[PDB]
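Structural features, examined
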Amino acid sequence: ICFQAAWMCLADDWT
Amino acid sequence: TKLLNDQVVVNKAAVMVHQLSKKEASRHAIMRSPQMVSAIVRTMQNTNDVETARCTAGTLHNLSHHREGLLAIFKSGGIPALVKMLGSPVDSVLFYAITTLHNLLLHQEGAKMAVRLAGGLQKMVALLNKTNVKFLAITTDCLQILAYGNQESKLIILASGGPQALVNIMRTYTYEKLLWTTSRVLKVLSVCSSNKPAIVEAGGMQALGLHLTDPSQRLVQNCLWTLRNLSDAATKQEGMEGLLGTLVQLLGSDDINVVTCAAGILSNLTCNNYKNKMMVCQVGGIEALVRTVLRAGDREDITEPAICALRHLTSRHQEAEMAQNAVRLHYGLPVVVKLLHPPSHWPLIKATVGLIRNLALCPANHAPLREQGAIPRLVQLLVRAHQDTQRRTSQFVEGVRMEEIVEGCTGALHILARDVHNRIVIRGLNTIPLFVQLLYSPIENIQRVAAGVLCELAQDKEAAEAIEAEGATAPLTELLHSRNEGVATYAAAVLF
Amino acid sequence: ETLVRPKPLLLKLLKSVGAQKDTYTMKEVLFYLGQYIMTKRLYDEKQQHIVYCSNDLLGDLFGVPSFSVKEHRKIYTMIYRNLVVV
Ligand SMILES: *CC(=O)Nc1ccc(NC(=O)C*)cc1
């Protein structure tokens with residue numbers, strides 16, 4: 001979830 | 001005249017009438033004469049000959065330049081016959097029919113209706129495929145006389161393929177009075193939005209803006225007040241490297257009605273096409289738009305498109321990092337946030353927060369956005385827009401959905417929450433109660449950034465205590481199956 | 001929503017996790033990566049910001065022995081090359 005949170009936060013630059 | 005009231009002599013009699021109808025003081029009694037004009041007209045259509053059809057209509061033009069022969073042709077009904085002679089292969093006829101009709105559309109009421117009734121619209125558009133600029137310029141004028149002040153006619157110009165012809169008239173000829181009349185026609189066919197996709201799809205906008213050097217100031221404006229409307233279809237069109245360079249250069253022209261128009265296109269042209277919003281970044285437009293907002297001030301009609309265009313340029317493409325950096329190297333961050341403060345209306349503020357959200361993508365901009373006093377001004381409007389939505393149940397005022405100010409401000413606070421110092425500001429303003437009160441919002445877009453802004457706050461162990469003391473045990477729990485995937489990802493991230 | 005086709009190297013990453021198309025809205029690209037790195041357990045349970053893409057296919061697309069997820073722009077550059085541009 002620590003990887004899940006950061007990677008989902010990477011997808012925030014394209015939204 | 002008893003002559004006329006008689007296929008070999010009309011070849012003769014229509015000559016001497018052609019002769020008698022050039023001297024203005026000797027053609028007074030040849031138009032105000034009954035049967036003579038009546039006998040003509042019909043021997044023009046029901047004719048196999050050429051010099052008969054030439055010399056027949058050859059006098060109709062000479063009858064038609066005084067307030068007498070124009071009425072004599074109309075009272076004897078020749079205006080629906082002359083549109084049959086608008087498909088004649090004889091180039092003489094088309095220059096003896098169109099030239100005639102153009103006179104009946106100047107000082108003659110009752111012809112504008114009879115020309116659309118006969119069927120001249122679908123005929124005169126089939127004539128705009130010539131090369132004699134005299135014919136093109138006259139006929140295009142006739143189409144601006146029938147289209148102005150009539151909606152039923154603009155659609156007849158549509159189906160007749162009229163839009164694409166006027167585009168290639170621009171794309172080819174260099175004669176102004178042709179290119180101006182064509183621009184006079186192309187606008188009135190673009191003010192109502194049922195006549196617009198078929199113009200750009202024929203490669204329209206990259207042909208209207210094909211006039212960058214032309215000292216005909218009543219023509220460049222007659223091309224820019226068109227593109228400002230047709231912008232709704234360039235959102236998918238491509239191949240405009242020569243128009244953007246034209247437009248981006250005009251963001252500094254001495255007139256304020258071009259800065260309003262050129263910026264009004266770039267916004268509604270970079271809206272979601274990956275290349276054009278990466279093209280103005282390859283021509284150096286990311287700067288010229290900044291020093292356009294610096295030029296406007298309190299003139300919303302300029303800043304709103306100059307912000308929306310700048311909002312479109314600072315997110316979701318490859319060359320977006322320089323778009324986020326070079327907006328501050330040109331001293332924008334002071335003036336950007338100072339648009340949130342009064343008296344800017346909701347349309348600009350909506351675009352203004354959306355820019356700052358994209359502007360906070362770059363790390364180096366985090367502090368100059370903080371130091372210029374942006375974090376309070378966001379929640380200063382995030383609270384007013386939120387507490388307005390509630391007092392309605394548990395809609396567009398001044399053009400904004402109001403609830404977009406909630407997603408826009410919370411989404412801009414979520415990006416700046418990446419910086420640790422900004423979290424002392426976001427929490428130091430007592431907004432943890434408010435962010436939890438947005439997890440209950442029925443809207444999908446508001447729950448994500450709200451569940452995302454807490455996740456950025458929860459990684460501070462101190463700030464995680466308050467959220468659990470807010471009653472946040474069911475909001476970020478019932479959201480664990482959200483079809484909108486992002487809501488559940490952050491909700492479980494806060495939970496853990 | 002933005003459509004663009006991945007280069008064949010990356011196209012095998014999304015095929016091998018459950019995709020089959022060629023035109024991806026530039027989200028599924030990240031999405032089926034969010035399952036390619038999460039399923040094979042390529043991170044570090046201590047500090048999961050880091051992705052160990054060493055002896056694996058993922059190291060052939062981004063170069064580099066290792067990287068961090070929080071290096072957003074560095075990984076986005078690694079996208080636009082295994083992706084069709086002009
Ligand atoms: C384990 C954990 O939840 N870490 C955490 C990681 C990343 C972020 N934020 C972003 O990646 C943007 C928050 C918390």
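Thresholds applied
- Residues numbered from 1 in each chain as written, not as in the entry; some residues may be left out.
- Chains lettered and ligands numbered in written order.
- Heavy atoms only, no water.
- Helix = DSSP H or I, 4+ residues; strand = E, 2+ residues; numbered from the N terminus.
- Rg over C-alpha atoms; globule rule 2.2 N^0.38 Å.
- Buried < 20%, exposed > 50% of the residue type's maximum accessible area, 1.4 Å probe, protein only.
- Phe/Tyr/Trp six-rings, centres within 6.5 Å; stacked < 30°, edge-to-face > 60°.
- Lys NZ or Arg CZ within 6 Å of the ring centre and 35° of its normal.
- Polar contact = N/O pair within 3.5 Å; in protein donor to acceptor, adjacent residues only side chain to side chain.
- Contact = heavy atoms within 4.5 Å.
- Near = heavy atom within 4 Å.
- Areas by Shrake-Rupley, 256 points an atom, 1.4 Å probe, with all protein chains shown as cover.
- Nonpolar A, V, L, I, M, F, W, Y, C, P; charged D, E, K, R; others polar.
- Disulfide = S-S within 2.5 Å.
- Buried area = accessible area lost by both parts, 1.4 Å probe.
- Salt bridge = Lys/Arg side-chain N within 4 Å of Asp/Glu carboxyl O.
- UniProt positions renumbered as here; feature names shortened; annotations may be inferred.

Re the overall build of chain B
A count of helical and extended segments in chain B gives 32 helices and 0 strands. Whereas a compact globule of 496 residues would reach a radius of gyration of roughly 23 Å, chain B reaches 33 Å, over 25% beyond that. For the C-alpha atoms alone, the extent of chain B along its principal axes is close to 110 × 45 × 35 Å. In chain B, buried positions account for 54% of the 496 residues.

Brief notes about the packing of aromatic side chains
Applying the stated criterion across every chain, the model contains 6 aromatic pairs over all chains. Ring centres of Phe31 of chain C and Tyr32 of chain C lie 5.2 Å apart, and the angle between their planes is 75°; this geometry places the pair in the edge-to-face category. Residue class for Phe31 of chain C comes out partly exposed when judged on its relative accessible area of 27%. Ring centres of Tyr76 of chain C and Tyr80 of chain C lie 6.2 Å apart, and the angle between their planes is 40°; on these two criteria the pair is classed as tilted. With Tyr76 of chain C and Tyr80 of chain C both in helix 3 (residues 72–81) and 4 residues apart, the pair spans about one turn of that helix. Under the relative-accessibility criterion, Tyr76 of chain C is labelled buried at 3%. A network of ring pairs unites the aromatic residues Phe3 and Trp7 of chain A together with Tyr43 of chain C as a single cluster. Lying over the aromatic face of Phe135 of chain B, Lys130 of chain B brings its terminal NZ or CZ to 5.6 Å of the ring centre.

Observations concerning the side chain of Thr52 of chain B
Residues and elements named next belong to chain B. Structurally, the position occupied by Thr52 is in helix 4 (residues 51–63). Given the relative accessible area of 3%, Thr52 is considered buried. A polar atom in the side chain of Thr52 sits 3.0 Å from the side chain of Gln7. Polar contacts involving the side chain of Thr52 include one to the side chain of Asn11, which spans 2.9 Å. Sequence-distant contacts of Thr52, that is, excluding residues within four places in its chain, are made with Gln7, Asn11, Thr43 and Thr47.

Some details on the site of the ligand
Neighbouring the ligand are the residues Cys2, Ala6 and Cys9 of chain A, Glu456 and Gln459 of chain B together with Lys70 of chain C. Per-site note: the chains with residues close to the ligand are chains A, B and C. In this structure, a nitrogen atom belonging to the ligand sits 3.2 Å away from a side-chain N or O atom of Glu456 of chain B. Take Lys70 of chain C: an N or O atom from its side chain is 3.3 Å from an oxygen atom of the ligand. Coverage of the ligand by the protein amounts to 86% of the 380 Å² it exposes when considered alone. Counting residues per element, the shell around the ligand draws most heavily on helix 1 (residues 2–10) of chain A, which supplies 3 residues. Split by residue class, the shell around the ligand holds 3 nonpolar, 1 polar and 2 charged.

Quick look at the state of the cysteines
Tallying each qualifying case throughout the model produces 0 disulfides over all chains. Take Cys271 of chain B: it sits in no disulfide, and the sulfur closest to it among the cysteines is that of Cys308 of chain B, at 8.0 Å.

Some points on the interface of chain A and chain C
Across the boundary between the two partners, chain A contributes 11 residues, which contact 15 residues of chain C. Both sides together, the interface formed by chain A and chain C hides about 1,400 Å², and carbon and sulfur atoms give 73% of it. When the area that chain A buries against chain C is broken down by residue, the three leading residues are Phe3, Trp7 and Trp14 of chain A, summing to 55%. Where chain A touches chain C, the interface holds 0 salt bridges. A breakdown of the residues in the side of chain A that touches chain C according to their chemical character gives 9 nonpolar, 1 polar and 1 charged.

Some details on the environment of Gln206 of chain B
All names here are of chain B. As for its position among the elements, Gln206 is in helix 14 (residues 205–208). A residue is classified by how much of its surface remains accessible, and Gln206, at 22% relative accessible area, is partly exposed. Distance in space between the C-alpha atoms of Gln206 and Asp232 is 14 Å, their sequence separation being 26 residues. In this structure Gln206 touches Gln237, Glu238, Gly239 and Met240, once residues within four positions along its chain are discounted.

Comments concerning the UniProt feature "domain: SWIB/MDM2" in chain C
When the UniProt feature table is mapped onto this chain, "domain: SWIB/MDM2" is found at residues 2–85 of chain C. Annotated as 36% helix and 12% strand, the span residues 2–85 of chain C places its first and last C-alpha atoms 13 Å apart.

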